[PDB]
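Reviewing the structure listed below.
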Amino acid sequence: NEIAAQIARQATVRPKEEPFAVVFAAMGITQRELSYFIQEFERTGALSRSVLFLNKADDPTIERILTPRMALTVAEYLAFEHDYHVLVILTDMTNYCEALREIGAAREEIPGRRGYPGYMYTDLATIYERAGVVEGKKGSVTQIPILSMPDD
Amino acid sequence: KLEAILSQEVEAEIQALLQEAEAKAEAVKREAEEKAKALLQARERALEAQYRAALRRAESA
């Protein structure tokens, strides 16, 4: 998360005719972590070129599922309609997965390996498919997803 | 006369030493000056960074 925050502060597209923006999305984080991320964006002036979405551990599980989709839609809008090179930072995909997995049981599915949802790869594909150069070739969407190893 | 030779031979080494010992008293002064310059050239540069950062922060703010 320190690496993710540092990239958010520092990233640029060196001489590009296009403006640069960051979309930073955090999922299932503590109140302490949320306060820290906020303070960091505000103090450094990184906030001026960033949209930040923060989902807390105690926020609804459905809100966590929607978080990366809000973030990717904002990135695609800025890139396509405003011609920007947008960098999207998503932490942590494993925590997103813990929430999606949490509901698969309530949804009536037979579980797959390790207790996961049987649909793990085709939901995750809806997020990793959303990246690349946008039409016009003035903008683009880049992703830096964080994947923590459960149990390493 | 010999002996006055021996005394004209010492007062000669005892300038060689005093020439060697005041051609280091500069070397010490050179490397000390070539130090202080570099000990303040890096410092000059540091303040820019610490100021280039502080004013940018204050622009954004």
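Lettering and numbering for the structure tokens are positional, with chains as A, B, ... in the shown order, residues counted from 1 in each chain, and ligands counted from 1 in the shown order.
If you take only C-alpha atoms and a cut-off of 7 Å, the residues of chain B that reach chain A are residues 57, 60 and 61 of chain B.
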Restrict the selected residues to C-alpha atoms and save them as a PDB file, in the first residue's frame.
```
ATOM      1  CA  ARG B  57       3.085  22.189  -1.957  1.00  0.00           C
ATOM      2  CA  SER B  60      -1.415  23.133  -4.702  1.00  0.00           C
ATOM      3  CA  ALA B  61      -2.700  23.967  -1.209  1.00  0.00           C
TER       4      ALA B  61
END
```
(message) Neighbouring residues of residue A:24 were defined as those with any atom within 6 Å, considering only C-alpha atoms; residues of the same chain fewer than 5 positions away were excluded. Please report them as a ChimeraX atom specification.
(response) /A:52,88-89
Would you mind exporting N, CA, C and O atoms of the selected residues as a PDB file, in the first residue's frame?
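Result saved to again.pdb:
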```pdb
ATOM      1  N   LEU A  52     -10.483   9.738  -5.784  1.00  0.00           N
ATOM      2  CA  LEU A  52     -10.224   8.703  -4.778  1.00  0.00           C
ATOM      3  C   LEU A  52     -11.537   8.103  -4.275  1.00  0.00           C
ATOM      4  O   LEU A  52     -12.402   8.807  -3.744  1.00  0.00           O
ATOM      5  N   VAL A  88      -5.011   3.809 -12.917  1.00  0.00           N
ATOM      6  CA  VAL A  88      -5.951   3.278 -11.915  1.00  0.00           C
ATOM      7  C   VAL A  88      -5.190   2.329 -10.993  1.00  0.00           C
ATOM      8  O   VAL A  88      -4.576   1.342 -11.441  1.00  0.00           O
ATOM      9  N   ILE A  89      -5.294   2.611  -9.714  1.00  0.00           N
ATOM     10  CA  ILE A  89      -4.637   1.828  -8.655  1.00  0.00           C
ATOM     11  C   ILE A  89      -5.734   1.227  -7.766  1.00  0.00           C
ATOM     12  O   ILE A  89      -6.510   1.956  -7.133  1.00  0.00           O
TER      13      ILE A  89
END
```
(message) What parts of stretch 29-134 of chain A does DSSP call helix (DSSP H, G or I)? I'd like the answer as number ranges by chain.
(response) A: 31-44, 46-49, 61-81, 93-106, 113-115, 120-128
(message) My list of candidates is A:151, A:83, A:98, A:135. Which is closest to residue A:20 when distances are computed with only C-alpha atoms?
(response) A:83
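Among A:114, A:138, A:16, A:101, the residue with the shortest atom-to-atom distance to residue A:65, counting only C-alpha atoms, is A:101.
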(request) Tell me, as an NGL selection string, which residues lie within 12 Å of residue A:119, counting only C-alpha atoms; anything in the same chain fewer than 3 positions away does not count. (result) :A and (97 or 100-101 or 103-105 or 107 or 109-113 or 115-116 or 122-126)
(request) Quick one: pull the distance between atom CA of residue A:2 and atom CA of residue A:55, Å, one decimal. (result) 17.4 Å
